[PDB]
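Asks: How does the following fold in three dimensions:
(chains A, B, C and D, ligands or ions: 8)
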Amino acid sequence: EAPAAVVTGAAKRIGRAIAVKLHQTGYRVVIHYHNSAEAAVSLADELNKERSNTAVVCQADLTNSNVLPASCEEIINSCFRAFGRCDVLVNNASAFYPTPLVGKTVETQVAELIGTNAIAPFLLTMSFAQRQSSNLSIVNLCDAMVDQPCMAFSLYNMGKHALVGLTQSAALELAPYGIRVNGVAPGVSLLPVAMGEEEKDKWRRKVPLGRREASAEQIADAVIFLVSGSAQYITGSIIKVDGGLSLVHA
Amino acid sequence: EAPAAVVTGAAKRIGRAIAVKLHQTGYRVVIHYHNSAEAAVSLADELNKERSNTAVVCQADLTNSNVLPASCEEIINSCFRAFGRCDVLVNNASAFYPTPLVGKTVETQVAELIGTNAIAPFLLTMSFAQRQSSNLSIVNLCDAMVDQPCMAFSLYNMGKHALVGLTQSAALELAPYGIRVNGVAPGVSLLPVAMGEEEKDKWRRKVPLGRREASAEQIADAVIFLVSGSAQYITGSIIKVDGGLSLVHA
Amino acid sequence: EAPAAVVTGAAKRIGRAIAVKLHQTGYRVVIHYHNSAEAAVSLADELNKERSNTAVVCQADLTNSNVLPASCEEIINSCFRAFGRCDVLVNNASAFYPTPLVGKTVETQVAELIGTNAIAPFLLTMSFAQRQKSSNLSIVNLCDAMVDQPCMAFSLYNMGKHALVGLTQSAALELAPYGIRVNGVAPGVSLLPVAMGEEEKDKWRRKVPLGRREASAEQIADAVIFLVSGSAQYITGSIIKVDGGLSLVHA
Amino acid sequence: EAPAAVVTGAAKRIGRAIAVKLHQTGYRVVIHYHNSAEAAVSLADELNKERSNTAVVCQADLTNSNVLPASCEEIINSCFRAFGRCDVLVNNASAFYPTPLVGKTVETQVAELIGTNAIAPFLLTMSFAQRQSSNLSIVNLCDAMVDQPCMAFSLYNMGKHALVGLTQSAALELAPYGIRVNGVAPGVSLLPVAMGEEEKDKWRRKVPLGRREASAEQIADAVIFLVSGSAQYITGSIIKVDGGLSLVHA
Ligand SMILES: NC(=O)c1ccc[n+]([C@@H]2O[C@H](COP(=O)([O-])OP(=O)(O)OC[C@H]3O[C@@H](n4cnc5c(N)ncnc54)[C@H](OP(=O)(O)O)[C@@H]3O)[C@@H](O)[C@H]2O)c1
Ligand SMILES: NC(=O)c1ccc[n+]([C@@H]2O[C@H](COP(=O)([O-])OP(=O)(O)OC[C@H]3O[C@@H](n4cnc5c(N)ncnc54)[C@H](OP(=O)(O)O)[C@@H]3O)[C@@H](O)[C@H]2O)c1
Ligand SMILES: NC(=O)c1ccc[n+]([C@@H]2O[C@H](COP(=O)([O-])OP(=O)(O)OC[C@H]3O[C@@H](n4cnc5c(N)ncnc54)[C@H](OP(=O)(O)O)[C@@H]3O)[C@@H](O)[C@H]2O)c1
Ligand SMILES: NC(=O)c1ccc[n+]([C@@H]2O[C@H](COP(=O)([O-])OP(=O)(O)OC[C@H]3O[C@@H](n4cnc5c(N)ncnc54)[C@H](OP(=O)(O)O)[C@@H]3O)[C@@H](O)[C@H]2O)c1
Ligand SMILES: COc1ccc(-c2c(-c3ccc(F)cc3)[nH]c3nc(N)nc(N)c23)cc1
Ligand SMILES: COc1ccc(-c2c(-c3ccc(F)cc3)[nH]c3nc(N)nc(N)c23)cc1
Ligand SMILES: COc1ccc(-c2c(-c3ccc(F)cc3)[nH]c3nc(N)nc(N)c23)cc1
Ligand SMILES: COc1ccc(-c2c(-c3ccc(F)cc3)[nH]c3nc(N)nc(N)c23)cc1
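Replies: Numbering: from 1, shown residues only, chains lettered A, B, ... in the order given. Ligands and ions are numbered 1, 2, ... in the order given. Dropping the coordinates below:
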């Protein structure tokens, strides 16, 4: 019988490549999404057309609130309800926007940025662990630039630092169950086309390896390795996939 | 005219030692507290006996909620109300208890450990910046053992990692305003009186330097250094004060 | 035709497993060794029996000295001599023994610990890059998951392994324009000497959160294979811990 | 009676500022030097004029060779000869120049960059330890940009990483003797007097805190703090004194 994985924020961009690559490797997958319903549903169709009964969809807001624990439990539950098991969790979903220290409320900024990037990953991790031969693991989408943060993204960066903390703490705490917890830390990948050519190339010119952003597939490759049998002794590790961007001084 | 400082969770233990050492250095202090009313006024009493009108108390719960931003604004506001300025913020209050992955609810556990250790510091930092030959700085109380966490303290540890991220991001963004932002990372300090001499010795003997815990004063000494004119070019630095504990492998 | 790799200290233990796995992946291999000549030739024979003309040995002392640059240069040269190319360098060879701060002279200690763990890796990287000026060129340095929590009395070893982290980063940055990726793999406790005491063996096993045992050489090798592969093409400057959570365990 | 200190590369720039501060705080100093004999002897003279026989010079090449151990031992011996004791060692001397991976020979680059930045510090540490109300400590001059290194400075950068491991390894190992081992990590300080101001400003503009390099004195202030009684629980720590520079992404 095939293993199953939950991928958050999986309707597009990096989460989609991850869900696609896990599916190609043999996984059944739960495509979590928030607002991208059409793309989630359309991906589920694509994957199911390739192999029947291997993909479902689960909508949830991962903003921090008093009902976030039950939503995270719902997400993990979908995977069991559809597939009867849950082997892999990929914490990919993430809010990302500036939150200057000096038009949505600060409460909402904290809830969105800390909820998606950290608290939801923690609650999902609880629900995953609570519901457990096997190769169980969690992969958290972290950030190669966490120690050289973008100006005015303090809550995003707090969120991501907290994700590193969770990766470590859950790796220690869940190792007795044979659940590995690791991370993949992208540099720059999938530049928005909202973005100017000048600004894109300015970012591209900073990357040592190839003067280019990562493709979503390259990020997914790292995730796949971490869940694979070739990573069985690896827990609490964060693999940068940044083309050397973080090594470049100001 | 004396500078003024806010110390969070200043009624006892490390916070009190910070507030005390700041006051001796010539600062007027706002002694924030949550539950320890008696200890807080008893400290302010004592400090005011030495120097008239140089200390006030200020009660605030620093648990995360939709009113937390107003609470943190009010703490900063209290310093200005009493003293007409706010030069120094020390983020010291911290909730601390196990939150296993497998009768506080989890929503409460998230709110208290992530609110106190991270979100409240963010919001106090926002409010501090917003209100501004000065020497303005923030010092965050961090944790030297953040990369080798205690078992079943994932939320606490998430919050302490988030505080590192804030220290860095805020150091960066507030540098243009002359506000330095730094941390002190204690090891083991002030063992609970509750604990048996067995368990105390066990922690003590882990410390390479002298097999003893840090005194409150030793922690305060590092804080005072960071706020002083001797740390004028220092920003985004976190100073361990751990007697070498973080270096000791398992 | 098949790519080629140099693996230093490859006659035995972790380097042997890395050489094996690269070979099974399709690489031709230079098995470098220092004293373990019998094991090296045995290993070359066994790989060549599997695919004729795909393995050579190359003997060298990697202690620091005024001729280490020439020795490191010759190791690279011998992969070009045998196979016409050098696609992968794995810096694995390493001297490991206490050097307390309070038989061998201290100058010998310095030369061996810093030479093998850091300076030979630097010099081999230089030679590798120099000889370069359908290809996936990379270097993998065998680092150490425990470097920020060192063993007591192992200061020169630790200084070496920290230096190697630096080389990994500096070389990643500098060799990126040439398409040469540089990365690390950082074992925890792995492949315990069968010789060492069982009691001591258990002591260390018991410390590892994941499975309560040491890594197998093959587990370390898996991470090298990943980093040299086409699935790691945007990865440079990274060090992958393969430690079962050992570095996360406080005192 | 007064404590004594060995400062390596103390004839000029940051070393000199450290020697002077230490002396101003009450230390007797050994002014080590390599080529700057005029500046070394002249410093010793200015300090002795201030307090009789409180300064001596000591010349030594700290390039790695077969004689470096004896040279390092003779440096410590010079302290005991002059003052009957040696309480503090500051590892400051450092070669710094590019060594591209692609007319000194390479073995001489290795010898100088690794000798001065790591191996001499190690040997000086050994001889210091061997020779031992007491406050004994070592401050190693590290580098805040070690993880974002300058292009083509691999040997320097290796040397400075190595110096981090020494700081850690030696802290752990010498704690039982009450010898603390810490470091200070400048960003950019004391730009070359010969570098064009227009080049100098390219670096200054990178610094968040004040768009300025550190003064020699600002770096020395951190050293003074680490050697003081205010830092008696601090070992294994590296204090950045970098104005934010290492937080700035490419
Ligand atoms: N792109 C990069 O260069 C880069 C760099 C560093 C780190 N990373 C990390 O790698 C991961 C993927 O990056 P990405 O650029 O592909 O991410 P992204 O597209 O910015 O976000 C991925 C998904 O997160 C989901 N999301 C956002 N807010 C949410 C909420 N409140 N509740 C639930 N889901 C929410 C969205 O789902 P819907 O579309 O369904 O609304 C979105 O599609 C992220 O964790 C990111 O932080 C990426
Ligand atoms: N002690 C150590 O060994 C150690 C180790 C590593 C890091 N640290 C860090 O250094 C700092 C000081 O440590 P400590 O042991 O002195 O701290 P603590 O005694 O555990 O906590 C300090 C204060 O935080 C306040 N606090 C707790 N929950 C709160 C809430 N929901 N709202 C507002 N305030 C709240 C409490 O105030 P009231 O009493 O007024 O209720 C308490 O007096 C902390 O930030 C800590 O994490 C300490
Ligand atoms: N085993 C672990 O738990 C562990 C933990 C952390 C890191 N690592 C790292 O992983 C790598 C491999 O580990 P390992 O245990 O397999 O290594 P090892 O057995 O200690 O050493 C591997 C080989 O290094 C070679 N070597 C030693 N001194 C040399 C010299 N002066 N010149 C040339 N070669 C020399 C030896 O070759 P000959 O036999 O031919 O003399 C030896 O077989 C090392 O870089 C190590 O630091 C291992
Ligand atoms: N300046 C910065 O911005 C910066 C940045 C990061 C780190 N740091 C570190 O902070 C420390 C002081 O920096 P700095 O700029 O003041 O250093 P520096 O001027 O570059 O060099 C300090 C002294 O090192 C001595 N030295 C050089 N080669 C030597 C050798 N082969 N043997 C013995 N001594 C030798 C020289 O002594 P003589 O003049 O007597 O020959 C020189 O005056 C250094 O460790 C440096 O790496 C500085
Ligand atoms: C120039 O185009 C981009 C800029 C930023 C992101 C991005 C990052 C990110 C953070 C720090 C950093 F140094 C580089 C990237 N984290 C992100 N997290 C999420 N959920 N979405 C993103 N789109 C990003 C993606 C593309
Ligand atoms: C053995 O007696 C103690 C045990 C823990 C703490 C403590 C820590 C802490 C965290 C990790 C670690 F390795 C050592 C200490 N963080 C803390 N944070 C707060 N707000 N209060 C505390 N009381 C502690 C204080 C004394
Ligand atoms: C309990 O039996 C072992 C003890 C040490 C090693 C070892 C390490 C190592 C260093 C620090 C640490 F925390 C764990 C392992 N580095 C090594 N490096 C080399 N070149 N060979 C080795 N044999 C080792 C292997 C097995
Ligand atoms: C802009 O003018 C300067 C450039 C370099 C240095 C310098 C550094 C350094 C290293 C990395 C980095 F990102 C910045 C500085 N390390 C040094 N080490 C020594 N022994 N001397 C120095 N003179 C420096 C000083 C001034």
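Asks: Would you mind finding the longest helix in chain A?
Replies: Across chain A, the longest stretch assigned as helix under DSSP state H is helix A:154-174.
Asks: give me every residue that touches the residue nearest to residue A:218 when sequence neighbours are not counted.
Replies: Excluding the flanking residues, the one nearest residue A:218 by Cβ to Cβ, 6 or more residues apart in numbering or on different chains is residue C:234, at 4.2 Å. Using the backbone N, CA and C atoms, a C-beta is placed for each residue, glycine as well. By Cβ atoms under 8 Å, 6 or more residues apart in numbering or on different chains, the contact list for residue C:234 reads A:209-210, A:214-215, A:218, A:241-243.
Asks: try 6 Å this time
Replies: With contact taken as Cβ atoms under 6 Å, 6 or more residues apart in numbering or on different chains, residue C:234 is in contact with A:214, A:218, A:241, A:243.
Asks: What values do phi and psi take at it?
Replies: Phi and psi for residue C:234, reported as degrees, to the nearest 10, are phi -100, psi 0.
Asks: quick one, the longest helix of chain A and helix A:120-130 angle?
Replies: 20 degrees (axes from the mean of the first three to the mean of the last three Cα atoms, to 10 degrees).
Asks: ok and helix A:154-174 relative to strand A:180-186, angle-wise?
Replies: 150 degrees.
Asks: Return the distance of the residue nearest to residue A:218 relative to ligand 2.
Replies: 37 Å (Cβ to the nearest ligand atom, to the nearest Å).
Asks: which of the contacts of residue C:234 lies closest to chain B?
Replies: residue A:241 (20.1 Å; Cβ to the nearest Cβ).
Asks: so what's the closest one bridging to?
Replies: residue A:186 (DSSP bridges).
Asks: how close does it sit to ligand 3?
Replies: 23 Å.
Asks: re earlier: so does the longest helix of chain A get close to ligand 1?
Replies: No - between helix A:154-174 and ligand 1, judged by Cβ under 6 Å from any ligand atom, nothing touches; the nearest distance is 6.8 Å.
Asks: And the residue of chain A that's closest to ligand 7?
Replies: Minimum separation of chain A from ligand 7 (Cβ to the nearest ligand atom) falls at residue A:233, amounting to 13.7 Å.
Asks: Tell me the spacing between that residue and chain D.
Replies: 24 Å (Cβ to the nearest Cβ, to the nearest Å).
Asks: just residue A:164 next, same as before
Replies: On the measure of Cβ to the nearest Cβ, residue A:164 and chain D end up 15 Å apart.
Asks: now residue A:15
Replies: 24 Å.
Asks: repeat for residue A:87
Replies: With the distance defined as Cβ to the nearest Cβ, residue A:87 ends up 35 Å from chain D.
Asks: Residue of chain A closest to ligand 3, please.
Replies: residue A:233 (11.5 Å).
Asks: is ligand 5 contacted by the longest helix of chain A?
Replies: No - Helix A:154-174 lies out of reach of ligand 5 by Cβ under 6 Å from any ligand atom, never closer than 6.9 Å.
Asks: Mind checking if that helix is in reach of ligand 6?
Replies: No - using Cβ under 6 Å from any ligand atom, helix A:154-174 never reaches ligand 6; the gap is at least 11.4 Å.
Asks: now that helix: how far from the chain's centre is it?
Replies: Helix A:154-174 has its C-alpha centroid displaced from the chain centroid by 12 Å (Cα atoms, centre = their mean, to the nearest Å).
Asks: Give me the angle between it and strand A:137-141.
Replies: 170 degrees.
Asks: Just the CA atoms of helix A:154-174, as PDB, please.
Replies: This file holds the C-alpha atoms of helix A:154-174, laid out as PDB (Å, rounded to 0.1, in the frame of the first residue of the first chain):
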ATOM      1  CA  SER A 154      10.400  41.300  11.400                       C
ATOM      2  CA  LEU A 155       7.300  39.100  12.100                       C
ATOM      3  CA  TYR A 156       8.000  36.900   9.000                       C
ATOM      4  CA  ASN A 157      11.600  36.400  10.300                       C
ATOM      5  CA  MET A 158      10.400  35.700  13.900                       C
ATOM      6  CA  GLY A 159       8.000  33.100  12.400                       C
ATOM      7  CA  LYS A 160      10.800  31.400  10.400                       C
ATOM      8  CA  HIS A 161      13.300  31.500  13.400                       C
ATOM      9  CA  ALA A 162      10.500  29.800  15.400                       C
ATOM     10  CA  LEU A 163      10.200  27.200  12.700                       C
ATOM     11  CA  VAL A 164      13.900  26.400  13.100                       C
ATOM     12  CA  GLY A 165      13.200  26.000  16.900                       C
ATOM     13  CA  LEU A 166      10.300  23.600  16.200                       C
ATOM     14  CA  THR A 167      12.400  21.600  13.700                       C
ATOM     15  CA  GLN A 168      15.000  21.000  16.500                       C
ATOM     16  CA  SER A 169      12.600  20.600  19.400                       C
ATOM     17  CA  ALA A 170      10.300  18.200  17.500                       C
ATOM     18  CA  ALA A 171      13.300  16.300  16.100                       C
ATOM     19  CA  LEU A 172      14.400  15.600  19.700                       C
ATOM     20  CA  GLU A 173      11.000  14.900  21.000                       C
ATOM     21  CA  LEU A 174       9.700  12.700  18.200                       C
END
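Asks: hmm, back to that, now, the most widely separated pair of the contacts of residue C:234?
Replies: Between any two of the contacts of residue C:234, the greatest separation by Cβ to Cβ is 8.9 Å, found for A:218 and A:243.
Asks: And the contacts of residue C:234, which is closest to chain D?
Replies: Nearest to chain D among these is residue A:243, at 11.5 Å by Cβ to the nearest Cβ.
Asks: Near ligand 8, which residues of chain A are found?
Replies: residue A:249.
Asks: What residue in chain A comes nearest to ligand 6?
Replies: Closest point on chain A to ligand 6, by Cβ to the nearest ligand atom, is residue A:169, at 11.4 Å.
Asks: centroid residue for chain A?
Replies: With distances taken as Cα atoms, centre = their mean, the residue of chain A nearest its centroid is residue A:92 (1.5 Å).
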